[PDB]
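To begin, one chain is listed below as C-alpha cells, in the form deposited in one PDB entry.
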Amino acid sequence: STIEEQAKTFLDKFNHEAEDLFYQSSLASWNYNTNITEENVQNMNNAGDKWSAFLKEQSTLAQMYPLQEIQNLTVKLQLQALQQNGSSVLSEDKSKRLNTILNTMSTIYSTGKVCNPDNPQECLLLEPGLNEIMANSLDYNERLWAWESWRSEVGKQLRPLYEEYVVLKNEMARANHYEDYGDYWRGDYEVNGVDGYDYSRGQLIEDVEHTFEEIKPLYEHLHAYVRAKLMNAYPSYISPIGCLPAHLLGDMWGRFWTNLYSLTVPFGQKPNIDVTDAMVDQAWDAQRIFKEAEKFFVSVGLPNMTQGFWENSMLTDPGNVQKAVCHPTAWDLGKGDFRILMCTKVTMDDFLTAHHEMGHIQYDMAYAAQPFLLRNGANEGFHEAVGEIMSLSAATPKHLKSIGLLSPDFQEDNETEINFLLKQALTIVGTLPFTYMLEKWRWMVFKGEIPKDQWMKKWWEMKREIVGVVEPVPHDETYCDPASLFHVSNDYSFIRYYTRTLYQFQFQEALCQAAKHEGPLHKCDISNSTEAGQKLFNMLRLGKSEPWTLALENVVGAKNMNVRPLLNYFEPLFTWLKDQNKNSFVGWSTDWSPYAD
C-alpha cells in the first residue's frame, strides 16, 4: 500500500510548485514595488491571485493527510501550514463579509481626514501632517487636537467595523478548532508535538505577563523620567504623580517614545552619534553603505551576498523616474534570489537600516535550504529580531571606529552613553507596555472577556494601569481607539513586536557572550567574531523546521523567552533613572485625569 505519510511525496510535489509560483508572485511583487505602473500592479495582482488559488487548492489536497499518522517533525509542520484552512472554512458571505470589513478598515485608516475648526478645508490624514504634528508640534493644544479628532472622525467609524470584525474572526478561528481569534494569533507560537519543547498557546499569555512584570520598573522609572521632563515642556499640564497624557508621547498612540527624545534628553549639550555629517566627507555612494554591511556579515562568518543581489536589488534609490515603494524591504524572491528594496539616502539611519535589511536577507539565505513552507522565522519575532540585532551591532560607536566614520580619537562620555541609551529606551521601552497592553486587550476582547459596551472602558483602564497613559478626554463606547493604530485595523498580530524585542535582546546578549564581550551590552558589536557567526547561524539555518523554543535554545540557550537580557541592556540608564527620579514619584496613579481637574 502506501503510508499516510505519503504526504511526503505530496509535499515534494507541492514544494516545487510552491517554489516556482511563489517566485512568480514575488518577482511580480518586486518589479511593482520598484517600478509602479498600471501593468506592473496588474501583473502583481494576477500573480498573487494565482498563488493564493494555488495555496487554496493545495490546502484542499492536504486535507487528505491527517497529522495524527504523520511523524517526521518536519512533514507534519508543512502539512499543518497547508491544511491550516484559515478564512476558507468560514462561510461564503462571512469571510467575504469580513473581507469587505477588512478592506473598509484599511481604507478608513489609510484614507482618513482630520482638520481644524477654523479651516474645515485644510484636512490632513495621519500619514501627512497629523503624523508630523505628533512628532514636531510638541504642543498640548495642537496635540490634544489631531488626537481626539483622530479618534473621533476615524475611530468612531472604525468602531462598528471592528465590532463585526471581532465576532467574524471569532467564528473563523473557532471553525479552525481554536477558541478565539486571539488563540489563532497565538497559534504561531504553538510548539506541541516536540518533546520538551511544548509551548502552548496560552503559555504565550502566561509568559508575556511574567516578562512584563520584570519590564515594569525599568519602564516605571523611564515613565517617571519622561513625566519629569514633560513638566518643563508642558509645565501646567501634567501632574507629577499621575499618568502621561496620550497626546504627549511623540506620536498618535504612544507606541514609540522616540519622538520625545528632544524633550527628554539626559544631557542636551552633548550631541548624539550621527555619522551622516561624517560619511559625506568620505563620499560614500549607495553601494558602499551596503558593501561595508556585507563586510560586517562576512566578518562574522555569514557568507557573501550573491552576485544576483548586487545586480538585481535597487540599492541606488528608485532613480527619480519610475515609482518605487521606498520601505527598506528584504526580499526572498524564491529560488536563490535575495534582494533588498531600500531607497538609501546617505544617513546614519540608512546605514543601520541597511544592516537591518542585510540581516533579514542573511537569515533568508540561511533558511533557504529548508522546505518552502518552513522558509520563515521559527515564530513571529525571530526574523525582525535578527534584523534589529544587526542594527544594534552596527550602531555601536566602537563599530564605527574600524570603519573610518568617527575619528580614531572618539570616546562617548557616559553622557552620550546615557543619551544614546535613553534614545534607544524610548523606542524599545514605551512600546513594550504599549504592545503588551494592546495585544492583551485584543486577546481578552476576542474571548469576549471584554464586553463590547465595556471595550473602551477596559482599554482606557489598561492604559492607566499597564502603560501609565491617561486619556486626555473620556472615551465612551463610540470610540475604537485601538483600531486607530495600523496593526489593529489591518488584522496584524501585534505581540510579535513584544516577543521580537525580547528575542532581539536575548540574541544580542548571547552573541556578545559568544564574542567574548567585556563591557556593557549596549557597547557590544558582534563584528569580527566568527564564533558569534556560528552561534546565530545555528538558528538562522533553522526556519520553521524546528520549534521556535528549540531555535532560541540553539542561539540563546534558554527554552523560553527571557527579559533579563533586555534589562541587562538597560542596567546602565537604569541606575541613572533611579538616580534621576530620587525626587520624582516613580510610578503613576490611574485615578489622575487631565479632564478631572
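Each residue number is its position in the shown sequence, starting from 1.
The same protein also has a form deposited with a partner chain bound, omitted here; what follows describes it.
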query	finding
Residue 35 within 4.5 Å of the partner chain in the bound PDB entry, heavy atoms	no
Residue 419 within 4.5 Å of the partner chain in the bound PDB entry, heavy atoms	no
Non-hydrogen atom contact residue 492 with the partner chain in the bound PDB entry at 4.5 angstroms	yes
Partner proximity in the bound PDB entry: residue 537 to the partner chain, non-hydrogen atom cutoff 4.5 Å	no
Check all three, 239, 443 and 588, heavy atom within 4.5 Å of the partner chain in the bound PDB entry	no
Which of 453-461, 346-354, 375-383, 241-249 sits within 4.5 Å of the partner chain in the bound PDB entry, heavy atom basis	375-383
Single option in 148, 292, 471, 332 placed near the partner chain in the bound PDB entry, where near means a heavy atom within 4.5 Å	332
Interface residue in the bound PDB entry among 178, 212, 284, 261, criterion: non-hydrogen atom within 4.5 angstroms of the partner chain	178
